[PDB]
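Just one chain is shown here, as structure tokens, and it is the form deposited in one PDB entry.
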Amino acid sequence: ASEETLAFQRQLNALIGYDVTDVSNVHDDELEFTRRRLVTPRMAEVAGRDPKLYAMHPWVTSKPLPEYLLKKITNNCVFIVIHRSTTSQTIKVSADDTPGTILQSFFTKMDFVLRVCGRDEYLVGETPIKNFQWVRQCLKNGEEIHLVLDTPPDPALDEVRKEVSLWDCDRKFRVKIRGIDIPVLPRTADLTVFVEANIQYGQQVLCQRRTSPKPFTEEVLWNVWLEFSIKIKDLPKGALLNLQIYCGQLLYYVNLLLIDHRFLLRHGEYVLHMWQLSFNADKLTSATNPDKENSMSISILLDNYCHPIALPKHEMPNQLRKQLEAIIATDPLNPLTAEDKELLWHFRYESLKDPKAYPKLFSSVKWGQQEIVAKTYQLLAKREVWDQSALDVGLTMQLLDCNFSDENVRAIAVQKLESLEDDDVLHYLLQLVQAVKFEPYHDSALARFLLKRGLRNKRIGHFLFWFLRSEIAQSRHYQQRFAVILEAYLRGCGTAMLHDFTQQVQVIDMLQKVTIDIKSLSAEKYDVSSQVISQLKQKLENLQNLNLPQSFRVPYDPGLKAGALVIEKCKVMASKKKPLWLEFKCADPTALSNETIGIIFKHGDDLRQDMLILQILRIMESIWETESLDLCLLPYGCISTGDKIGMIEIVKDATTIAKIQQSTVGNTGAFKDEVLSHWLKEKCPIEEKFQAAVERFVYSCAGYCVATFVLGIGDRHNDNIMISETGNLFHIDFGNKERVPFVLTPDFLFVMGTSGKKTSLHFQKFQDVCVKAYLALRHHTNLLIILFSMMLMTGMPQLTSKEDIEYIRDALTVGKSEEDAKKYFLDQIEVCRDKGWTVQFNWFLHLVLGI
């Protein structure tokens, strides 16, 4: 234990934002055990990754080129402008030649490598140029691919630092509830409370027992023994002893894994500190409440016994086969009757041939029966139909949600994920990282898969860091487990990344202190005091001096390096919440422009919800890639940094729809349908440009209508919708009456050439693109269902319900034929033109006038 070895932990601890060594809030040593067990999976990843490729994190995709990009490449060639000094050469190149044929073919025309100008994005390795996302991005963006020739980075910068019985216990299970202790009680005194003890598994309660009600006092005793109807030998690994307390309604809960990470049956005394309620993921944690001084506690007693340990295991009637498929063919949200289940089970080996049955089949399992489980494991010993199945993210996600607590059922889904290439991991990472909250133990296959894909790739690890840190900073329920996974990662990403993260962490702490210190200059009046402006430009000075790091990677776009702050352009938005608007220079001289990097840091909205939505949006964008479509969404970058703070990308050349109305019209709701188009034109003199800023609108507007309606958030005020001086429209702020499917106001239809209720050229163009994108999603109904369902379970602070999830099922018209569907959407589009500005005017009355 040298000083060097201690300093390291200390740094990592401040990088994580929680002390992973702490042991003040543990009733066992699972965390310590898990930090120790991750040491091996990390080393294996570090030692087996190529130093260079890892050093340059090439970004690629072995997927085909969409139909909308194919058409953008004359024959099979493309141009690439290479820059040396100020020299520049344009070259037509073999669309299929490794970045190696280039260079060599360049040397023969006019120890290096190609890099995207102004960005840390290298095109290297044995991959067809066209398979590089940067290229594909430029093509669709009709932009010139500018690459500067520079020296390859030196892997040395990624240097890693120096490193007794069995089942048989035919007895039942029981627990003693001695009492509950709370140093304080509710104002609305004179209450009654009781302890409820449930033996849970996969959100399913196998058994349950209570205690008698008593008045709610600072100390309620019982010393009552509760006997459960289940046999010790029947408790499965991952089962939770869920302890709850109701008050004459749920109010406090805590949980304890009955079988620990060593396979032992928990025993002994326990004083667990409980979480209080204000249905969702937090209710499943094995973590205890750290605030011991203010948190209700529960004193319980577990049967003192020697050492009970769990042992690690070693054609049909048509008419029936038909009803079996009727069940296997039901969306994820459909229930399962007792008959449905028994049927599914009896025909295990049959149901087993179809991968889409796994979620349903493994839920008909009676996990409270040791005998049934064993067969279940036997049933999996032979996983040929699965092993050989084609990876289905949607199906695999369903096995990782809160319905399965079994280690072997989850591991098979993780097994199918090993098959994802980096470009896909990056599409499902956020949700894969949220899924860790359903793991019953801190060490898991899914937890090791995220370590492994992180250590193995810089883009993935850059994000894994932020997705976890986001949860460690504002989740007391899961900070410990996530803190252990992030430490393990920080221990193999390299000295380089370790230094970047630090630059980022500094800039963020410093800048958020400012954000809050500025909000406190007027928490109720939308008046950017002339002094409030000088006040801000002043703190940025103090910091910008010799404190704030001169530069830093942009967390939501790692391939970008921020330079200094352009204090002049910095301001405090005229928003109730007073978000900061900051501008920075790019720190890369080779950048082919002088444009700044804009970032907004804000307090008061939950940006974890925005990350969730924004990510599902990129997922939709990729779902349309397969069906060969481009809806022009613009999921700007957004990263939750702490409680109700975080950063947001500033999309250039863009404004609020409402603001557009406000200028032409004014500070009232008499909205003029022509303002928008009169805005595009003024910002796009050149016909060819304006004529192109209209097609974008049609597509962008269409896509958000669809995406926003499928997610159930299509109804919102004008202020939450934005447009770019290139016509790209895009939603924002996702933080008894009138309603609408989405936003398709009169001004929008005006841009498309339809003053009245008469179809137009662009309108039909829009109508076709809609139904098209809409139907393209249904082709993934299940994927969207389980994604929407995971989201509500880990992204919503309030307890969500089935009724909440089901919405998505209707919006996607499950069990319906494409025909009916096409219509459903077109009808929804109709309600829009039938309410014109109705809903907006109302919103303006509610949000603006406080009515």
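Residue numbers run from 1 along the displayed sequence. Heads up, when I say rigid core I mean the largest set of C-alphas that superpose within 1.5 Å between the two forms.
Below: the form deposited in another entry, not depicted.
| request: Align on the core first; then indicate which of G179, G604, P290, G637 has a CA shift of 2 angstroms or more between the shown form and the other one. | output: Among the listed residues, the one whose C-alpha moves by 2 Å or more is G604.
| message | When the rigid core is used for the superposition, does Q480 move between the shown form and the other one (threshold: C-alpha shift of 2 Å or more)? | response | The answer is no; the displacement is under 2 Å.
| message | Please state whether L206 has a C-alpha shift of 2 Å or more between the shown form and the other one, with the rigid core used for the fit. | response | Moves: no, less than 2 Å.
| When you overlay the rigid core, is the Cα of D527 off by 2 Å or more between the shown form and the other one? | Yes, shifts by 2 Å or more.
| query | Are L729 and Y526 closer or farther apart at the Cα level in that other deposited form than shown, by 3 Å or more? | reply | Here the pair is closer than in that other deposited form; there, farther apart.
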